[PDB]
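We begin with a single chain expressed as structure tokens, specifically the form deposited in one PDB entry.
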């Protein structure tokens, strides 16, 4: 417990009280913490940019965090600060007052009821506005999945990358370019976005291996072989947007402005 420095605001560790570890990754630990200047709860991610990364990875991580902290959008989880202290990159992130789309899905399932189409567009047209904004700054999301999508008591969607909310907390959708080449680009995000549009409508991912077999899973991605959504519940517009996003060739996928445009016209159509 070092002394407060109000003049530093969110840019020093002395102005936070760590509560407990809530996550650990390849290069990082994540903590629940409280800001001591205003009592706001945050996520404090500590990245070992000197000890666990080569020189290129460190310079790329610092550039990427600097961009993420410039995003100002209602549907993106805030990056409030990034600063070097104690030989680590310290990142201060928002924890939203919202549950994951994963929980919303698991709940609608254990109560056997489909998420209605006019709702699916509700959320999806917020997830799209989020991903438009990130792609406009040349920021790739890299892991779009239900657990990273948060949803406010009020129906406000926050896209994040920690899978952490304030009170409630092989990548989830494997693209062809991941499977075949370990490739990830802007169009990889669009594949995942399509898979998530599907999972909201189906209540499960498009792709499962037979008896959970990982080879069977790769064969089903290569054929884009997923059970069709029931058409009496979902328009051609929707099932067609899925089909456009879940295309093995990333060049042939639509860019996030097209998908966001479709998700705006459908959100006003109802």
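Numbering follows the first chain given and starts at 1. In this text, the rigid core denotes the largest set of C-alpha atoms whose superposition between the two forms falls within 1.5 Å.
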property: Between neighbours residue 120 and residue 119, residues that the deposited sequence lists but the model omits; result: none
property: Entry-level comparison of average CA B-factors, 224-232 and 62-70, reporting the higher stretch; result: 224-232
property: Comparing 132-140 with 111-119, the one whose average Cα B-factor in the PDB entry is higher; result: 111-119
property: C-alpha B-factor winner, where the candidates are 106, 158, 78, 145; result: 106
property: From 93, 179, 190, 84, residue of greatest CA B-factor; result: 179
property: Residue 168 by Cα B-factor - lowest, middle or highest third of the modelled chain; result: highest
property: CA B-factor placement of residue 208, once the chain's modelled residues are sorted into thirds; result: highest
property: CA B-factor ranking of residue 262, expressed as a third of its chain; result: highest
property: Third of the chain's Cα B-factor distribution that residue 88 belongs to, per the entry; result: lowest
property: For residue 32, the third of its chain into which the C-alpha B factor falls; result: lowest
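Another form exists, deposited in another entry; not displayed. Remarks below refer to it.
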property: Residue among 102, 129, 90, 119 whose Cα moves 2 Å or more between this form and the one not shown, once the rigid core is superposed; result: 90
property: Flag for residue 262, CA shift 2 Å or larger between this form and the one not shown after aligning core; result: no
property: CA of residue 30, rigid core aligned, shift of 2 Å or more between this form and the one not shown; result: yes
property: Shift of residue 74 between this form and the one not shown at or above 2 Å (CA, core fit); result: no
property: Cα separation of residue 99 and residue 26 in the other form versus here, shift of 3 Å or more; result: closer
property: Residue pair residue 26, residue 185 - Cα distance in the other form, closer or farther (3 Å or more); result: farther
